[PDB]
Protein chains: 4
Amino acid sequence: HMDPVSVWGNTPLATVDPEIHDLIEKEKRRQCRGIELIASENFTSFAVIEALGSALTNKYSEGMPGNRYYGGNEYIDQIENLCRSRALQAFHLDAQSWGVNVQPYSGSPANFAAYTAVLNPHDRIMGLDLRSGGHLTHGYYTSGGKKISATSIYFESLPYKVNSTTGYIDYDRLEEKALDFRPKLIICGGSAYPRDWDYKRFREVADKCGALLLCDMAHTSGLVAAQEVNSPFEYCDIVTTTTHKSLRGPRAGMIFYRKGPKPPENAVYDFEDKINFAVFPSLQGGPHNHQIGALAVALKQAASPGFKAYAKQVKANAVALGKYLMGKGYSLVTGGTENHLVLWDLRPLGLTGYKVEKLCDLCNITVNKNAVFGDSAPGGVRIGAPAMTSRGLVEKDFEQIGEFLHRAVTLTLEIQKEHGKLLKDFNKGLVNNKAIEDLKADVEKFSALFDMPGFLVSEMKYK
Amino acid sequence: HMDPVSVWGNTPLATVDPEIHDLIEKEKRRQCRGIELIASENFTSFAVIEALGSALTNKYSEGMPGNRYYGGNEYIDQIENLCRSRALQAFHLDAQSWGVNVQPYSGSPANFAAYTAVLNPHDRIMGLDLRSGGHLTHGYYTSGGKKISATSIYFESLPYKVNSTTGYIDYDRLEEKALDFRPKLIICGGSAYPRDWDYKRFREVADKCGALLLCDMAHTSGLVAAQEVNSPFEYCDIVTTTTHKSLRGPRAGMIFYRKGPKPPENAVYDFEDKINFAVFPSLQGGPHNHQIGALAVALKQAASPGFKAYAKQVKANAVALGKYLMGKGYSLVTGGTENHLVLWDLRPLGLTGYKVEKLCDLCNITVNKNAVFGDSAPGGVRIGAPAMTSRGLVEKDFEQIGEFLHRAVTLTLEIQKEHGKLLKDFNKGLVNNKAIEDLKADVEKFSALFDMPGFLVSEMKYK
Amino acid sequence: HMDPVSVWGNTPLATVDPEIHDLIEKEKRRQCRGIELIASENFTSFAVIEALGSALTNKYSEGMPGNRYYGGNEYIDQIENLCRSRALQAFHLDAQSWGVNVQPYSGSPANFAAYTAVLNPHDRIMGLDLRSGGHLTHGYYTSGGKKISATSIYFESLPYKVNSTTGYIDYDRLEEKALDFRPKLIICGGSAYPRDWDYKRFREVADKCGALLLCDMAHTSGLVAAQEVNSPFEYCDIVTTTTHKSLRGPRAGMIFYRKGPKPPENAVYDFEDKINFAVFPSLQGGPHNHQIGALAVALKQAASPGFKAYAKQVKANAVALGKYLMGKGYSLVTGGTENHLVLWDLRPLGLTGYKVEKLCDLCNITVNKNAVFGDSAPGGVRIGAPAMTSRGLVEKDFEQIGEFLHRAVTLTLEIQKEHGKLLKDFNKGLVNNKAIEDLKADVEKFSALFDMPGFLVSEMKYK
Amino acid sequence: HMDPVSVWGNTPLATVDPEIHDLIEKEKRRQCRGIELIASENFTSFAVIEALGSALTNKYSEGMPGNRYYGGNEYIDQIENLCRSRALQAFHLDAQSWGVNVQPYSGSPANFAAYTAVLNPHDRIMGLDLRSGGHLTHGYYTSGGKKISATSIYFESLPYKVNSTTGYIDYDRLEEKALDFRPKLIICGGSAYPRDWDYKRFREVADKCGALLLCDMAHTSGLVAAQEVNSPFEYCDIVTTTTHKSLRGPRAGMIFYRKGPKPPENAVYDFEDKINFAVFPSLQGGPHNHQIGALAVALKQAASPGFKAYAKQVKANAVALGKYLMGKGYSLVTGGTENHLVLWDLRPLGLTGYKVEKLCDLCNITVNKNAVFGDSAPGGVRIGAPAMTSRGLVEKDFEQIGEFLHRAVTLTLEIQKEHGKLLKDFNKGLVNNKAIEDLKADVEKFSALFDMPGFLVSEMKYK
């Protein structure tokens, strides 16, 4: 009574699962009929999507290429080798001095595997405070001492912060902190920091306290590949990353690590085996070979002249957006940007990030509420350029986005003035708001004028 | 100088990345021109592959449906809700008594998140010993006390084993062990156990020592959904699983957990919030929404009449294979099977699992070497039925596979007799071996006669 | 308005503190007007007591002799050196192969310092189960997994047990257990085991699993010094001890450790520095120099011909007592003794250890209730020979003690027969019991016939 | 062949052990023929010494009074109860609000037992940095991250420091540190801090971060009993102490803890049972009953009018010494004292603490080298008043001690000027130094003029 392979196995999704097919179509329209400003998002290529959705998902290949536990790995080995060699090329790394492991399921597993490789349970870690622009996997506990991040459950973490008035990393306090706490590992990189990192200074702090130094470059890895921001590879021991943000690839993770002789015992680096062993067999099972193939595709694309121009454009778009906002009287943390995002301090407007985020989301403008230096109800919004830049928007287009944001914050203030400063009141002013429906229509019309990678808009089920 | 969206973003893989496209094509041919007997593998549907390779990879949706940190989740919420409700339906679970989290990136992250949710660092865990058929994520350290599994790095594990002479789980020693070691969590389920599990007895042991009881049903989850083996849901607190083995879905993980009133304070279960919080924000970042959509598809497919028939066929095929092997004088661990695999003890033949695995791999027969009870160089091979059954093979076809295995072990013995019992010698007998080249040709001819899900063979680049 | 030094500082205790002086006098009478059978007790010499109560208590001398943090240590150094060299002599240890640290405040700190020296937090330890005759500092958690012993809080312990029917250590289960659990440290020695230890076998088990081996010889250290039981020094890495039980010294602890070349890298032992550093500065402050002086005295006394004869007598007295008990139909665990104690199984009499202990304590016979193999309300009493042997009792005197115990258990049964088997009932039968008052008078009369070390009975305040 | 009880057991030390007896006599002379300025030392009463050296050492009494595991404790219970009730009286504590455990073997075991009672392994602790005047048991690791203190091995510690320029505790940095690190326990009290503690402010910091607050009052407990410094009992949850420094008792420890209703659930304090259980059975075995009797004596003595006058004198003597030093141009940390010690900063003289300590020790002046705020070879000496004040020295006598110190530092400078600033050179100037031999003779003559508690100088073997 078994179904024929043609019926269950070869039939397209639109017949097998209409419900899911319909929902994907609506998500496809949503992605191209709004303004996507989530700084951790991007629209990847169709080529990447074709590798991701391939028979590569069927192959179970525990181990490394050339040291696998089962047979039949002739072509999976070649894909993984190509993915690794392309990873080194994309970041201009000499293979004698750097290795990479491309099996992490995602960025957060890449981080935790890196920790497991070089630390023992309860070893001390320092990372950029969440409220200062850091990331959950770098450590996070609450004021009640509740350990939220797994990094803070299995290791002992302590955050360093930005200067309270300037919004830049306080390198003097970082150093004083590291000399007190004596971390075995210092993490640099972050999720909502709008400036570049002084990796040289991090290296100096690390050397002074006897720490390893790791960069989580998840957010800016695309800018790093195109050499548009400082490279962490010059000064860090280990570099982890996600592959889907500014790098514009699939959802995956990578761990880069130093190889060969150490700088001034005639000693050599010892990370390669520990890192690989941490990924498998300690933490992961078989790799997601479709992710590795998709990632190999993304890495080749990342090494093209067009990608360096894209990374330049991402930077120029964020700058032109920020300058447009500041021209309207708005205040940005650090007063500008050097990367892909702006951090908009709304406290001078009497507004909360949540209120602006909610109203923007009603106009199909997706940003995210975000903490700002000394927040104690986050008081800012975080806006990123990668996704809309991938759709071909240039500086003039990002100035229009700034106008849309300007219109949106204006509607937020008019609501707050009319209905009240309490969240209960603010909501009353959204109901049947003509002005909100008008901005929504303009956003959708503006959004619809640009192209869209990954799927053909002239094949969409909803237009 | 940016590339047009059409050039980099809409162009097919075969133009963007010829190398990777070619390698995927060869892997596609390899998958249908050999005999795939790795018990942890399957060939998933094309519908699953279409959801997996979709614009769903572009959406970042940290949190749970209805409690997300960013906007634009209208359709992702609906996909995740449908995936969860289908997960409960597929395993015949009342929603008032069971919840499920579908965000784990894979099976090994699902396990570790479950541990994190209910245990503190260094809590004691018991699982099926690796050499007795268990899995790395259930705990593993070596005789030198080297902690291999992350489960054994961050927690205190102790394995229980099968009876040395029968190959069945020794439930008496399990109970004596648990009463001595007092684990906070007992794990059941395994990777290479050929019999069903007595979950009732596990529950009795767990109750006697005050332990939680978790089933990792990764290998048999398809059989569990079709109610062809014992359900762990009747007796376990938590059930984790991978979704790509006998379940025939994408690579993903799920964590099921009890809800509602406890059995005999009028107390209720407390797993839902801990489990969800452990997945996010403690360990993972944003979910892989394309995996969740693909998984939702697989779960609907798993709930069809054809899937119950497929699970019945998997069981019948493994049994008919085992009986064919034993009819040739071969010995199976426990003398048969009740699930999807057979475990073939090669020590009575004077052979090592590696030697049979190597020669089978030369004939495009992929099995894996596997330990057998008291091994001290694994002495068996593990053979599974799910993948070839997905291609439509029935019992007569699995008897022919048994003949191919019989021919292969015969060629292995002829080599060992001629060239020697040392691994160095065995290899000498592979070079330009006509007889090996003949079995390979028969395997490829037999393999080519069957259909193949996930991609159309009449569109293959290599035929 | 300060008191003159003569008034507060030179005045005797009997004037400064009549209350405390009176209470010490009553304790002195109690010690010599009853029968002391607590196996962990002894009556030390007056010489030991004079060193203990000396100006040595005034000196603070952090560090080791020859490496102190402060001046004025000329004579404290010499006392500590003499105490250490006498410690090696007392146990017939070559100084090139063994070192000793004499600063532990007591036996339990000596154990914990030894653990700290050679283990990391959460390392695995195995020791003799409490219910099988072991000691709390070797590890103890309850059936609910509550960690009682600090050894079980800061380290991971697992107990091994005696055979359930014979009462001897089950060396086969010990080995099977150690190969499963892989402890970093195995502890031998115990508090209520009546037989000698097979240290050679412990060494074999330890070598097979890669464990350190430590003996806690607190109870039998006097017998060890006199070479009347097996020496742990032949086979263990570390030997800890208390100094006041069968060794007949002050309350103090010592840690012995191997030095010099290892047995078959041309490697040497590495315990000396770790051990010393663990005692100070990790765990302890300045040593109790009066204890070290008293201990030096006890060690010289322990090296006299009279002490070897005393240790022989202790053994002969316990044997003659046990034989007297068994002649009356009583049952001893293992059916006898090879050391200083007997373990009396009262379950064949229908009696609990508590009931016999309580009634004996009413007749000034101090024993202690004690678990027996498989107890699930301890079912035995533990009786030791050191204290009464120190008062000069020989075999005939210990046969009379056996008669007193025999009379006491007879009164316990007569009470249980008349009033009932519930603890509530048993108590009713103690009130104004003539027969109990008669045994008490005979015990006190018999007790008063012997001499008493440490203080002059003909100077007692209460006679 | 056993020795008679009279021979080994009643014979005095001077016959049993001439070596040890002779060495104690020389230590007795050393104690009264020099100037003892070690701040952690005292000369206790003869009454204390008589209880310490008594048959109380023979009794093994595991448990608490009224809940013991063995019989024969009638009089030991009464001694322990009296010792506890006297402990509460001595510190003016209401029994309904405070309990005390008097079994800790010493101060360092009292601290670790307190930690064990209220913390889990790896909980965070903050204490006064060693270099700022704190104590090893409050936490200590080196710049290489080597964990020295057991407090830093089993728990996670972070030190707070004194202000770099004033030498007072930096309460602002303490609070900022505690809000970052979130310790579960903050420790106050120290070994070389010359000022009082603002426990109210510590309580404020503790409340703000959700921490327990513990005072280790080992050094100043005598001053605390006499109400001559701030009481930690007003604001701390737990108070530990040693009993032999300014308290002038035996070597022992105590743990005080709050009882009864908490200040603003109608909740009550929960320390009593945890504290008692941590002492026994978790960490310690049977208590040292002779210490408890001696301590009971010391506590009664501590509650006399003469003791309050003695504590006043200690404070006045340290002040008069400090003023004398500063009158000679010397510099003290914080410019004076409020307690029993002065901390003398020698860096303005171009001298190291070791050099002054070494030369003082050659003149029978025992001080100890000590770190000073920001030291990076300690640069100070720590001098304490309790011991010499116990011999009856008043302010005029401490001015003469200041002159002796002045003469000694003068001889140190003359040596450094003649022979050199390298330690190698300084030593050359000690050989056959007439001037050093002259100060030694004056110190011994001055020292001999005063009385001496604990033993009669007119019975000394060496005069």
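Reminder, nothing fancy here: chain letters follow the sequence lines and each chain counts from 1.
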Exercise. In plain terms, say whether C/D438 and C/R407 are close enough for a salt bridge, that is, a side-chain N and a carboxylate O under 4.0 Å apart.
Key: no

Exercise. Could you tell me whether the side chain of C/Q31 and the main chain of C/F43 form a donor-acceptor pair under 3.5 Å?
Key: no

Practice problem: Please determine if C/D17 and D/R86 form a salt bridge, counting it only when a charged side-chain N lies under 4.0 Å from a carboxylate O. | Solution: yes

Quiz item: Is the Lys NZ or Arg CZ of C/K28 less than 6.0 Å from the centre of C/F455's six-membered ring, within 45° of the axis?
Solution: yes

Quiz item: In Å and rounded to the nearest 0.5 Å, what is the CD1 to OG1 distance from C/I187 to C/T151?
Solution: 6.5 Å

Exercise. Using the six-membered ring of C/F404, assess whether NZ or CZ of C/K328 lies under 6.0 Å from its centre and within 45 degrees of the ring axis.
Key: no

Exercise. May I ask you to decide if C/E395's main-chain N or O and C/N317's side chain share a donor-acceptor pair within less than 3.5 Å?
Key: yes

Quiz prompt | Ionic contact status for C/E228 with C/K308, cut-off 4.0 Å | solution = yes

Quiz item: Just one of C/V367, C/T337, C/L405 clears the side-chain contact (heavy atoms from CB on, under 4.5 Å) bar with C/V342, so which one?
Solution: C/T337

Practice problem: Would you confirm whether the ring centroid of C/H135 sits within less than 6.0 angstrom of the ring centroid of C/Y140? | Solution: no

Quiz prompt | C/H219 ring center within less than 6.0 Å of C/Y193 ring center | solution = no

Practice problem: May I ask you to decide whether C/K161 forms a salt bridge with C/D170, counting only side-chain N to carboxylate O separations under 4.0 Å? | Solution: no

Practice problem: State the CG-CD distance between D/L82 and D/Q89, to the nearest 0.5 angstrom. | Solution: 8.0 Å

Quiz item: Looking at side-chain heavy atoms only, is the closest gap between C/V356 and C/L346 below 4.5 Å?
Solution: yes

Quiz prompt | Under 3.5 Å donor-acceptor, C/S390 side chain and C/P386 backbone | solution = yes

Quiz prompt | Nearest atoms (heavy-atom pairs only) where C/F446 meets C/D397 | solution = CZ-O, 3.7 Å

Quiz prompt | Side-chain heavy-atom pair C/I35, C/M388 within 4.5 angstrom cut-off | solution = yes

Quiz item: At what distance, to the nearest 0.5 angstrom, does OG1 of C/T137 lie from CG of C/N111?
Solution: 4.0 Å

Quiz item: If only atom types and distance count, is the side chain of C/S132 paired as donor or acceptor with the main-chain N or O of C/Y160 below 3.5 Å?
Solution: no

Quiz prompt | Side chain C/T243, main chain C/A252, donor-acceptor under 3.5 Å | solution = yes

Exercise. Inspect the contact between C/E444 and C/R29 and indicate whether a charged nitrogen and a carboxylate oxygen are less than 4.0 angstrom apart.
Key: yes

Self-check item: Any donor-acceptor pair under 3.5 Å from C/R391 side chain to C/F450 backbone
Solution: yes

Exercise. Verify, without hydrogens or angle tests, whether D/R84 (side chain) and D/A296 (backbone) share a donor-acceptor contact under 3.5 angstrom.
Key: no

Quiz item: If we only count heavy atoms from C-beta on, is the D/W8 to D/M2 side-chain gap below 4.5 Å?
Solution: no

Quiz item: Under 3.5 Å, side chain of C/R195 to main-chain N/O of C/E338, donor-acceptor pair present?
Solution: no

Quiz item: If you draw the axis of the six-membered ring of C/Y310, does the NZ or CZ of C/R248 fall within 45° of it and under 6.0 Å from the ring centre?
Solution: yes

Quiz item: Less than 4.0 Å between a side-chain N and a carboxylate O, is that true for C/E36 and C/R30?
Solution: yes

Practice problem: Output yes when D/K59 and C/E27 qualify as a salt bridge under the 4.0 Å nitrogen-oxygen rule, no when they do not. | Solution: no

Quiz item: Taking the six-membered ring for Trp, are the ring centroids of C/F426 and C/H419 within less than 6.0 Å of each other?
Solution: no

Quiz item: For the residue pair C/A318 and C/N339, what are the closest heavy atoms and their distance?
Solution: CB-O, 3.6 Å

Practice problem: Determine yes or no for a side-chain-to-main-chain donor-acceptor pair under 3.5 angstrom, with D/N101 supplying the side chain and D/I255 the backbone. | Solution: no

Quiz item: Is there side-chain contact between C/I401 and C/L393, with heavy atoms separated by less than 4.5 Å?
Solution: yes

Exercise. Say whether, by atom type as modelled, one donor and one acceptor occur between the side chain of D/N58 and the main chain of C/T44 under 3.5 angstrom.
Key: yes

Self-check item: Atom NZ of D/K259: over 12 foreign heavy atoms under 6.0 Å
Solution: yes

Exercise. Over all heavy atoms of both residues, which pair between D/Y105 and D/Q284 is shortest? Give the atoms and the distance, please.
Key: N-OE1, 3.0 Å

Quiz item: Using the ring of each side chain (for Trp, its six-membered ring), is D/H288 parallel, tilted or perpendicular to D/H290, with breaks at 30° and 60°?
Solution: parallel

Exercise. Please round to the nearest 0.5 Å and tell me the distance separating atom CG of D/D3 and atom CD of C/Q301.
Key: 9.0 Å

Self-check item: Close side-chain approach of D/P4 and D/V7, heavy atoms under 4.5 Å
Solution: yes

Quiz item: Any side-chain heavy atom of D/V297 sitting closer than 4.5 Å to one from C/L13?
Solution: yes

Quiz item: Less than 4.0 Å between a side-chain N and a carboxylate O, is that true for C/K421 and C/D425?
Solution: no

Exercise. Flag the pair C/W344 / C/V409 as yes when at least one side-chain heavy-atom distance between them is below 4.5 Å, and no otherwise.
Key: yes

Self-check item: Pairwise side-chain contact, C/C363 with C/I436, heavy-atom cut-off 4.5 Å (strictly under)
Solution: yes

